[PDB]
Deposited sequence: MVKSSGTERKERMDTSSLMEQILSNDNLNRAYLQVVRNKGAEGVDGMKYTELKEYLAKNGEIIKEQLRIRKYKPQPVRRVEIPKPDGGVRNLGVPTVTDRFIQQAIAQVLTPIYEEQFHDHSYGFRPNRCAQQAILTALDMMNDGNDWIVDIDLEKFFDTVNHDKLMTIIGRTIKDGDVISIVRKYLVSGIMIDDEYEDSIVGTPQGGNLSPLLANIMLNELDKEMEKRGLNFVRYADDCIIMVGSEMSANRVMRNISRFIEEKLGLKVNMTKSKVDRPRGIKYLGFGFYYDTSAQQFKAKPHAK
């Protein structure tokens, strides 16, 4: 991974990124450029942008704050972000935990719900529901880049990824309202969050915990109230002390499935089926 920048800038990869970003549509960024204008802009500026990226002179624009609050990158920056993610995603898909489901290829929120239901119906129906503050509002950039740097050795890729953090990329959280569809502004930021939170997945696996995670939204299924309180404390301590993220103490809770709201779903006991099932909760 010492020379990933030229893979990112290859003609095939950039053309795939352009196609995907146009397919994703979305609102315009701070430059007012519509997604239908990207093609003509890159015909004139694509080679200049490649040369700027090669010497770390490309300057991402700040995201446009759009009001749910969204940070929308310019369509040029979504294109570059997508080009970066197309190369890093296969690298990290080999590392990620099978119970991580958010913003990953061939995975979705319903899969996370099904796995959690299997866990609850096996007897692990004490739920540790840890609530985290917004990832990109709180993550330490140096800590994140150090974690990424364990795998990515290409300093040019490290450099532009850091610049996109400063630009304000963030996670579109409409999945919390059970919305299905293409997120806005999420070509790169959800991958970066998964890289950091993959350290949490590894810790929970090391502890033998049953969990599902969707971006920064995790639930842990344990067998007793005493064990649930112990896990709530230990994992909350780990997240704040080792990952430097922030736990919402009042919103985090231990409960039975009936009290959990997760990825827009609630849980209930089906007395005919004699097991827990899930359905969208009232909103």
Unmodelled ranges, which are counted on the deposited sequence from position 1 and given in order: 1-14, 82-89
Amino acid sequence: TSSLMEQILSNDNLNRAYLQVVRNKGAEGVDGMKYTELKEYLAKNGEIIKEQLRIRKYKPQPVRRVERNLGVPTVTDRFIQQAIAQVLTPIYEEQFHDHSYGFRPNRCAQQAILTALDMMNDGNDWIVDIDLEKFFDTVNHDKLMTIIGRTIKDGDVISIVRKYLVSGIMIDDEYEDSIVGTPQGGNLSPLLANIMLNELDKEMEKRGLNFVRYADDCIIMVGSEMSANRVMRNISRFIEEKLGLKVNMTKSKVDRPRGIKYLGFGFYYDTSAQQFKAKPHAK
From here on, numbers count along this sequence of modelled residues.
151-159 versus 75-83 - which carries the larger mean C-alpha B factor in the record: 151-159
Quick one: higher average CA temperature factor, 240-248 or 47-55? 240-248
Among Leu42, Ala228, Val30, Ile219, where is the Cα B factor highest in this entry? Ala228
Per the coordinate record, which of the options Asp118, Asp131, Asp177, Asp201 holds the highest CA temperature factor? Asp131
Mind checking which third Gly168 falls in for C-alpha B-factor across the chain? middle
Going by the recorded CA B-factors, say which third of the chain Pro183 sits in, lowest, middle or highest. middle
Relative to the other modelled residues in the chain, which third contains the C-alpha temperature factor of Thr89: lowest, middle or highest? highest
Considering every modelled residue of the chain and its Cα B-factor in the PDB entry, is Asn15 in the lowest, middle or highest third? lowest
If you rank every modelled residue in this chain by C-alpha B factor, which third holds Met232: lowest, middle or highest? highest
